[PDB]
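Listing of protein_2.cif; format and content: mmCIF, C-alpha atoms.
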```cif
data_data
loop_
_atom_site.group_PDB
_atom_site.id
_atom_site.type_symbol
_atom_site.label_atom_id
_atom_site.label_comp_id
_atom_site.auth_asym_id
_atom_site.auth_seq_id
_atom_site.Cartn_x
_atom_site.Cartn_y
_atom_site.Cartn_z
ATOM 1 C CA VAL B 124 -15.689 -81.511 50.068
ATOM 2 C CA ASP B 125 -13.032 -78.976 49.118
ATOM 3 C CA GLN B 126 -10.816 -78.680 46.047
ATOM 4 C CA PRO B 127 -7.544 -76.753 45.628
ATOM 5 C CA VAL B 128 -7.499 -73.182 44.344
ATOM 6 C CA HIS B 129 -4.951 -71.426 42.141
ATOM 7 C CA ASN B 130 -4.373 -67.672 41.961
ATOM 8 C CA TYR B 131 -3.110 -65.432 39.156
ATOM 9 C CA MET B 132 -2.007 -61.860 39.876
ATOM 10 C CA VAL B 133 -0.649 -59.166 37.543
ATOM 11 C CA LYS B 134 1.061 -55.925 38.584
ATOM 12 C CA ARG B 135 2.391 -53.114 36.404
ATOM 13 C CA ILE B 136 5.280 -50.668 36.072
ATOM 14 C CA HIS B 137 5.017 -47.222 37.639
ATOM 15 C CA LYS B 138 7.394 -44.642 36.159
ATOM 16 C CA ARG B 139 9.398 -42.024 38.065
ATOM 17 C CA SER B 140 12.354 -39.724 37.414
ATOM 18 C CA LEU B 141 15.155 -37.766 39.058
ATOM 19 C CA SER B 142 16.190 -34.259 38.006
ATOM 20 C CA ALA B 143 19.290 -32.325 39.059
ATOM 21 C CA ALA B 144 20.379 -28.925 37.777
ATOM 22 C CA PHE B 145 23.797 -27.494 36.959
ATOM 23 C CA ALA B 146 24.637 -23.926 35.962
ATOM 24 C CA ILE B 147 27.481 -21.971 34.379
ATOM 25 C CA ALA B 148 27.924 -18.221 34.062
ATOM 26 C CA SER B 149 28.396 -16.810 30.566
ATOM 27 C CA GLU B 150 31.841 -15.528 31.589
ATOM 28 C CA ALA B 151 33.165 -19.094 31.808
ATOM 29 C CA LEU B 152 31.476 -20.010 28.514
ATOM 30 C CA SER B 153 33.289 -17.142 26.801
ATOM 31 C CA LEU B 154 36.455 -18.247 28.606
ATOM 32 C CA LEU B 155 36.253 -21.809 27.273
ATOM 33 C CA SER B 156 34.930 -21.161 23.745
ATOM 34 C CA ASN B 157 37.976 -19.427 22.284
ATOM 35 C CA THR B 158 39.183 -21.977 19.662
ATOM 36 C CA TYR B 159 42.894 -21.047 19.574
ATOM 37 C CA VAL B 160 42.555 -17.257 19.717
ATOM 38 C CA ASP B 161 43.655 -16.646 23.317
ATOM 39 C CA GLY B 162 46.502 -17.932 25.463
ATOM 40 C CA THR B 163 48.076 -15.017 27.322
ATOM 41 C CA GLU B 164 49.405 -15.377 30.860
ATOM 42 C CA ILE B 165 46.537 -13.782 32.785
ATOM 43 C CA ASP B 166 43.839 -15.705 30.871
ATOM 44 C CA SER B 167 45.220 -19.167 31.684
ATOM 45 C CA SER B 168 44.593 -18.734 35.420
ATOM 46 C CA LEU B 169 41.010 -17.612 34.758
ATOM 47 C CA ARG B 170 40.468 -20.602 32.455
ATOM 48 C CA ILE B 171 41.858 -22.964 35.115
ATOM 49 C CA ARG B 172 39.496 -21.403 37.678
ATOM 50 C CA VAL U 124 15.217 -28.040 40.168
ATOM 51 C CA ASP U 125 17.818 -27.234 42.810
ATOM 52 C CA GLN U 126 21.379 -26.156 42.054
ATOM 53 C CA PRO U 127 24.386 -26.612 44.359
ATOM 54 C CA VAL U 128 25.499 -23.626 46.404
ATOM 55 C CA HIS U 129 28.855 -22.328 47.601
ATOM 56 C CA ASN U 130 29.489 -20.312 50.760
ATOM 57 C CA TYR U 131 32.261 -17.759 51.306
ATOM 58 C CA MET U 132 33.009 -16.272 54.730
ATOM 59 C CA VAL U 133 35.595 -13.901 56.214
ATOM 60 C CA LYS U 134 36.491 -13.717 59.920
ATOM 61 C CA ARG U 135 38.382 -10.878 61.577
ATOM 62 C CA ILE U 136 41.220 -10.579 64.103
ATOM 63 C CA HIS U 137 40.371 -9.178 67.538
ATOM 64 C CA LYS U 138 43.370 -7.710 69.383
ATOM 65 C CA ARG U 139 43.971 -7.817 73.152
ATOM 66 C CA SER U 140 46.953 -7.546 75.508
ATOM 67 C CA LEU U 141 48.436 -8.659 78.829
ATOM 68 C CA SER U 142 50.005 -6.433 81.480
ATOM 69 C CA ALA U 143 52.112 -7.184 84.557
ATOM 70 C CA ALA U 144 53.948 -4.895 86.961
ATOM 71 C CA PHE U 145 57.275 -4.966 88.789
ATOM 72 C CA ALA U 146 58.563 -2.467 91.345
ATOM 73 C CA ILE U 147 61.966 -1.361 92.643
ATOM 74 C CA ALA U 148 62.498 0.451 95.930
ATOM 75 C CA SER U 149 64.411 3.727 95.716
ATOM 76 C CA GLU U 150 66.901 2.508 98.325
ATOM 77 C CA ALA U 151 67.658 -0.448 96.046
ATOM 78 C CA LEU U 152 68.228 1.955 93.140
ATOM 79 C CA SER U 153 70.584 4.191 95.123
ATOM 80 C CA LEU U 154 72.342 1.131 96.574
ATOM 81 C CA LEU U 155 72.751 -0.797 93.301
ATOM 82 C CA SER U 156 74.218 2.240 91.491
ATOM 83 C CA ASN U 157 77.318 2.856 93.631
ATOM 84 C CA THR U 158 79.718 2.371 90.657
ATOM 85 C CA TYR U 159 82.856 1.581 92.705
ATOM 86 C CA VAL U 160 82.493 4.162 95.473
ATOM 87 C CA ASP U 161 82.117 2.379 98.820
ATOM 88 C CA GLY U 162 83.749 -1.068 98.716
ATOM 89 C CA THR U 163 82.739 -1.756 102.320
ATOM 90 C CA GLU U 164 81.799 -5.058 103.939
ATOM 91 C CA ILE U 165 78.347 -4.026 105.197
ATOM 92 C CA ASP U 166 76.865 -2.650 101.945
ATOM 93 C CA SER U 167 77.953 -5.762 100.032
ATOM 94 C CA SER U 168 75.365 -7.779 101.964
ATOM 95 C CA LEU U 169 72.753 -5.149 101.108
ATOM 96 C CA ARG U 170 73.749 -5.425 97.434
ATOM 97 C CA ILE U 171 73.331 -9.214 97.617
ATOM 98 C CA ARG U 172 69.932 -8.743 99.290
#
```

Take the structure in this file and express it as structure tokens.
Amino acid sequence: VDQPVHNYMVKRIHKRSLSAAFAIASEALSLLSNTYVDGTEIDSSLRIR
Amino acid sequence: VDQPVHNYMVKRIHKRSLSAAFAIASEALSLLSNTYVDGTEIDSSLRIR
């Protein structure tokens, strides 16, 4: 004669990641880090670029 | 890690031509350049032709 059976199962978290890169030339860093020293006509177009 | 790329290309004009010809008989030249000399009834039909 048979009797009912119960089950108990446990799983776990596996961890992953995603990495994406992004670069800037040092020319643009010098172009943005002025702090109110520059502002001539030819530099504004380069900053906008 | 991968970084996004940009592509710059330049394409160039190639130049060609088309040629067609058109001829005049010498009799038609000497007959179309009377400049009020003959005024006859027979050469008027040749001028129209």

Chain B in the frame of chain U after full C-alpha superposition, as a short mmCIF file (atom, residue, chain, number, x, y, z; two decimals) with C-alpha atoms, in the coordinates of the input:
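Result saved to result.cif:
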```
data_model
loop_
_atom_site.label_atom_id
_atom_site.label_comp_id
_atom_site.auth_asym_id
_atom_site.auth_seq_id
_atom_site.Cartn_x
_atom_site.Cartn_y
_atom_site.Cartn_z
CA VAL B 124 15.65 -28.58 40.37
CA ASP B 125 18.44 -27.62 42.75
CA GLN B 126 22.00 -26.47 42.12
CA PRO B 127 24.99 -26.51 44.50
CA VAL B 128 25.84 -23.50 46.66
CA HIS B 129 29.23 -22.17 47.74
CA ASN B 130 29.90 -20.00 50.79
CA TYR B 131 32.57 -17.39 51.51
CA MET B 132 33.17 -16.15 55.06
CA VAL B 133 35.67 -13.61 56.42
CA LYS B 134 36.57 -13.06 60.07
CA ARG B 135 38.97 -10.53 61.59
CA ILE B 136 41.60 -10.13 64.30
CA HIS B 137 40.58 -8.88 67.74
CA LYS B 138 43.44 -7.43 69.79
CA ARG B 139 44.09 -7.95 73.51
CA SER B 140 46.95 -7.46 75.96
CA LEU B 141 48.38 -8.58 79.28
CA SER B 142 49.92 -6.21 81.84
CA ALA B 143 51.93 -7.11 84.94
CA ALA B 144 53.64 -4.68 87.31
CA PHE B 145 56.95 -4.83 89.14
CA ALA B 146 58.30 -2.37 91.71
CA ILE B 147 61.58 -1.45 93.36
CA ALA B 148 62.22 0.87 96.30
CA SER B 149 64.61 3.76 95.74
CA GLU B 150 66.91 2.33 98.43
CA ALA B 151 67.80 -0.62 96.18
CA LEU B 152 68.24 1.70 93.18
CA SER B 153 70.77 3.74 95.14
CA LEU B 154 72.34 0.46 96.27
CA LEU B 155 72.84 -0.79 92.71
CA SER B 156 73.75 2.48 90.94
CA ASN B 157 77.13 3.09 92.55
CA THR B 158 79.54 2.65 89.58
CA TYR B 159 82.68 1.59 91.50
CA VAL B 160 82.41 3.99 94.44
CA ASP B 161 81.30 1.56 97.16
CA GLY B 162 82.41 -1.91 98.22
CA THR B 163 82.74 -2.02 102.00
CA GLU B 164 81.83 -5.12 104.00
CA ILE B 165 78.42 -4.06 105.30
CA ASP B 166 77.22 -2.79 101.90
CA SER B 167 77.82 -6.08 100.06
CA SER B 168 75.21 -7.92 102.14
CA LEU B 169 72.65 -5.17 101.48
CA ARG B 170 73.42 -5.29 97.75
CA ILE B 171 73.02 -9.09 97.74
CA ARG B 172 69.66 -8.69 99.52
#
```

Quiz item: Which value, in Å to one decimal, gives the distance between atom CA of residue 144 of chain B and atom CA of residue 158 of chain B?
Solution: 27.0 Å

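Going from atom CA of residue 165 of chain U over to atom CA of residue 145 of chain U, you cover 26.7 Å.
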
Got a sec: who's within 9 Å of residue 155 of chain B, counting all atoms listed in the file, leaving out chain neighbours fewer than 4 positions off, as a compact mmCIF listing (two decimals) with C-alpha atoms, in the frame of the given file?
```txt
# COMPACT_ATOMS: atom_id res chain seq x y z
CA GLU B 150 31.84 -15.53 31.59
CA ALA B 151 33.16 -19.09 31.81
CA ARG B 170 40.47 -20.60 32.46
```

Provide as a PDB file with C-alpha atoms, in the coordinates of the input the residues of chain B at most 12 Å from chain U, counting only C-alpha atoms.
```pdb
ATOM      1  CA  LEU B 141      15.155 -37.766  39.058  1.00  0.00           C
ATOM      2  CA  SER B 142      16.190 -34.259  38.006  1.00  0.00           C
ATOM      3  CA  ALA B 143      19.290 -32.325  39.059  1.00  0.00           C
ATOM      4  CA  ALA B 144      20.379 -28.925  37.777  1.00  0.00           C
ATOM      5  CA  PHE B 145      23.797 -27.494  36.959  1.00  0.00           C
ATOM      6  CA  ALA B 146      24.637 -23.926  35.962  1.00  0.00           C
ATOM      7  CA  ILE B 147      27.481 -21.971  34.379  1.00  0.00           C
TER       8      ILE B 147
END
```

Exercise. Can you work out the spacing between atom CA of residue 172 of chain B and atom CA of residue 134 of chain U in Å, to one decimal?
Key: 23.7 Å

Quiz item: Out of U:139, U:148, U:131, U:154, which residue has the shortest atom-to-atom distance to residue 168 of chain U when counting only C-alpha atoms?
Solution: U:154
